[PDB]
Structures are given as C-alpha cells and as structure tokens.
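Each chain, written out:
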Amino acid sequence: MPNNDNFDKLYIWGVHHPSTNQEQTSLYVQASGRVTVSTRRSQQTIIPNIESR
Amino acid sequence: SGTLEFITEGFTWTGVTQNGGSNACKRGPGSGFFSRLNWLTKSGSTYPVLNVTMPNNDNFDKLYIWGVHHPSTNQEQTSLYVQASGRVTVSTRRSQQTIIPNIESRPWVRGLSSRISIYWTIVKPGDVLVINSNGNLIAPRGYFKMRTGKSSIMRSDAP
Amino acid sequence: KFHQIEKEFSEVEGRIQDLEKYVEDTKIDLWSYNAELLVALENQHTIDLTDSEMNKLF
Ligand SMILES: *[C@@H]1O[C@H](CO)[C@@H](O)[C@H](O)[C@H]1NC(C)=O
Ligand SMILES: *[C@@H]1O[C@H](CO)[C@@H](O)[C@H](O)[C@H]1NC(C)=O
C-alpha cells in the first residue's frame, strides 16, 4: 500500500498469540506463523508465541 | 571517539570462503563490499560451525563492528550458508549478543531485496572476543581503537 | 561544551524523544529567565549608581 499523499499515515496492526498448538493450526494451518511489516526505512518482524496464559 | 583508526587482525576463518561482494557495492569496475567487514560464505558444499577467539592483551578498549545477513529467500540462504537457518553469536566474559537471521523480502533498494543488520561490541583489557556462527555472519576484519575526548558531530549545510 | 545530546529529530520515535525534548526545553526556559532577570537587575543598578554619582558631586 503506497503513500502518494502529502502527509504521514499511521497504520495499526497486530499479531495473534494462540494458547495451544491446536488453536494455531485450526486458524492458520502452519505450526508457526510469522508477520512482517516494512517500509524503505523500517522493518518489524514478529514471531507469534504459543502458550497458556 | 573522534577517530576512525582501524587496526586489522588476522582472524582464521577455516572451511569458508572470504571476501564476498556484490554489484550493489562496487569498488572500481568490479564488485565489492564494506572495507571493514568480511562477508563469509560456504566453501564447496559446507558451512562449518565457526568458533574463533580474539583476546585483548592491550591497555585499551577495542571496538568491533560486525553484522548479520538477512536473505530474501530460502534458496538464497541455502546457496550461501547451506543450512536453512543461520545463527550468529558474539560474546565476552560479561556480555553477549545472539541473533537468528530472518529470511524476508524488502522493497527493492539499489536493486536488492536483502539487507544486513549492523552490530557492535566493546572489549575491555583482559577480556576476550568470542565469535560463534553456523551461518549468515558478516565478520569483522579488526577493531577500532576507542578514545575519550572533546569530539562530536553536527548536521549542517553551511560552507 | 563539546559532545551533547541530539536536539533535532527527523522522525517520530516515542518516549525517549519526548524526554530529550523536555530536558532541553526546560533548560532553555531556565536560562532565558536568568538572562531576563540579570539584565533587569544590572540596568536598575546602573541607573542608580549614575544618579548617585551626580548627588555625590553636589
Ligand atoms: C591505519 O592505522 C593503522 C595503525 O597500525 C595501520 O596499520 C593501517 O594500515 C592504517 N590504515 C590506513 C588506511 O592508513
Ligand atoms: C569453541 O571453543 C571453546 C574453547 O574454550 C570450547 O569450549 C567450545 O566447546 C567450542 N565450541 C564448540 C561448539 O564446541
């Protein structure tokens, strides 16, 4: 999603943290997910954590 | 510190190919790389577990600059480092930095989707630098001698 | 004074940036007060000592 306007855009996003490995697979198929958001200047990579809370 | 005084050290990197470069970082007509960094890749069909040590027997603090390569694809990762997941660790008697490289594509910058993450370590006298890596290490060529002084930096466009 | 903290920022970072800005903004306000007060006190005294010098002569 490119920024062609004349102002700064603030994007809010998140990463789901399942409580069990069964939940993880039921929703996202893969046993381990991954989320990366980036720009030409920055990058944020997050590996979701599976655990009972 | 107010200085870029760099002292080259030998560092024995066995079982790996040294002095890797790229067309994004040309020096002269041919490809090149950061002069103070050493890009290590596989030798033949293996990238062994590197386990090198460099002690500080001098009467000053040593500053080391090193890095970690982040490939854009899993094939890139394997072609360079054989193993699907690399690892880089640098340590001293009191401190440690461990990083597992992430394989990910970025917006194309100077015709490249890959990157390098730069890190730094300080070694006091009587301490030792330990580098351990099974992959993706951008090794240091030596150290920068640290000074405490009246120096600084300023952003300006004045002549 | 030689090496100091950064006082201008190209990007929005967060909590640490706000503190750096606050520390400097605070510093400038305190010194601007000291400057305003000093000149006021010095000027009043200069006006008094010059008037005093006239009376001493008289
Ligand atoms: C920088 O200084 C060190 C001092 O030992 C020397 O070994 C090195 O060759 C110098 N490099 C350059 C580019 O002058
Ligand atoms: C690296 O060398 C050190 C030397 O003290 C040794 O203790 C360590 O076991 C070596 N690394 C591995 C993976 O064996």
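Residues numbered from 1 in each chain as written, not as in the entry; some residues may be left out. Chains lettered and ligands numbered in written order. Part of a larger assembly, values for the part shown. Heavy atoms only, no water.

Per the deposited record, determination of this structure is attributed to X-ray crystallography, with the resolution reported as 2.7850 Å.

Looking at the PDB entry, one finds chain C named Hemagglutinin HA2, with Influenza A virus as its source organism. The title given to this entry in the Protein Data Bank is "Crystal structure of multidonor HV1-18-class broadly neutralizing Influenza A antibody 16.g.07 in complex with A/Hong Kong/1-4-MA21-1/1968 (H3N2) Hemagglutinin".

The name recorded for chain A in the PDB entry is Hemagglutinin HA1, from Influenza A virus.

Counted under the stated rule, the structure contains ten salt bridges over all chains. The partner of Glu-9 of chain B in a salt bridge is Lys-62 of chain B, with the nearest N and O atoms 3.6 Å apart. Of this pair, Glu-9 of chain B sits in the loop between β1 (6-8) and β2 (16-17) while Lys-62 of chain B sits in strand β8 (residues 62-70); the two residues are 53 residues apart in sequence, bridging distant segments of the chain. Here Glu-53 of chain C and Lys-56 of chain C are joined by a salt bridge, their closest N and O atoms 3.7 Å apart. Of the two residues, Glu-53 of chain C and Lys-56 of chain C both sit in helix α1 (residues 15-57), three residues apart, roughly one turn of that helix. Looking at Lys-56 of chain C, the relative accessible area reads 58%, which means it is exposed. Within this structure, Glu-9, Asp-58 and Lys-62 of chain B form a network of salt bridges that share partners. (Salt bridge = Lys/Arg side-chain N within 4 Å of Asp/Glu carboxyl O. Helix = DSSP H or I, 4+ residues; strand = E, 2+ residues; numbered from the N terminus. Buried < 20%, exposed > 50% of the residue type's maximum accessible area, 1.4 Å probe, protein only.)

For the rest of this paragraph, the subject is the environment of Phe-60 of chain B. All names here are of chain B. Residue position: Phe-60 is located in the loop between β7 (50-55) and β8. You can call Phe-60 buried: its relative accessible area is 18%. Measuring from C-alpha to C-alpha, the distance between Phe-60 and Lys-145 comes to 7.5 Å, with 85 residues separating the pair along the chain. Beyond its immediate chain neighbours, meaning those up to four positions away, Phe-60 contacts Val-123, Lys-124, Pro-125, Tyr-143 and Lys-145. (Contact = heavy atoms within 4.5 Å.)

Residue and element names in this part refer to chain B. Grouped together as the largest cluster of nonpolar side chains are 27 residues, with contacts concentrated most on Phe-11, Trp-13, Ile-131 and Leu-137. Taken together, the elements giving at least two residues each to this core come down to β5 (37-39), β7, β8, α1 (74-81), β9 (87-91), β12 (128-135) and β13 (137-140). Apart from the residues within four sequence positions on either side, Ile-131 is in contact with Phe-11, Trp-13, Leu-50, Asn-51, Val-52, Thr-89, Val-90, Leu-137 and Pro-140. (Core = buried A, V, L, I, M, F, W, Y, C linked by side-chain atoms within 4.5 Å.)

Taken together, the contact between chain A and chain B spans nine residues of the former and four residues of the latter. Together, the buried faces of chain A and chain B total about 570 Å²; carbon and sulfur atoms form 44% of this surface. By the criterion of area lost to chain B, the three top residues of chain A are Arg-34, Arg-40 and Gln-43 of chain A, representing 62% of everything that side buries. Scanning the region where chain A abuts chain B turns up one salt bridge. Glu-104 of chain B is the partner of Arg-34 of chain A in a salt bridge, and the nearest nitrogen-oxygen pair spans 2.8 Å. Contributions of two or more residues to the side of chain A that touches chain B are made by β1 (35-38) and β2 (43-46) of chain A. In the side of chain A that touches chain B, the residues fall into no nonpolar, six polar and three charged. (Buried area = accessible area lost by both parts, 1.4 Å probe. Nonpolar A, V, L, I, M, F, W, Y, C, P; charged D, E, K, R; others polar.)

With four residues of chain C in contact, the opposing surface of chain B contributes four residues. Roughly 360 Å² of surface becomes buried between chain C and chain B when both sides are summed, with 50% attributable to carbon and sulfur atoms. Along the contact surface separating chain C from chain B lie one salt bridge. For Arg-155 of chain B, the salt bridge is made with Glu-6 of chain C, and the minimal N-O distance between the two is 3.1 Å. Linking chain C with chain B are two residue pairs in polar contact, by the criterion used here. For the side of chain C that touches chain B, the class distribution of residues is one nonpolar, one polar and two charged. (Polar contact = N/O pair within 3.5 Å; in protein donor to acceptor, adjacent residues only side chain to side chain.)

Turning next to the pairing of β8 of chain B. Residues and elements named next belong to chain B. Within β8, seven of the nine residues are buried, which leaves the element mostly enclosed by the surrounding structure. With nine bridges connecting them, β8 and strand β11 (residues 115-123) associate as antiparallel partners. Paired with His-69 across the bridge in β11 is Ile-116. Direction of pairing for β8 relative to strand β14 (residues 142-145): antiparallel, over a ladder of two bridges. Its bridge partner lying in β14, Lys-62 is registered against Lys-145. As defined by bridge partners, β8 adjoins β13 across two bridges and the pair is classed as antiparallel. Note that in β13 the partner of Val-68 across the bridge is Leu-137. (Pairing = 2+ DSSP bridges.)

Another point: the pairing of β14 of chain B. Here three bridges tie β1 of chain B to β14 of chain B, and the two strands are oriented antiparallel to one another. Bridging across to β14 of chain B, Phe-6 of chain B finds its partner in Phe-144 of chain B.

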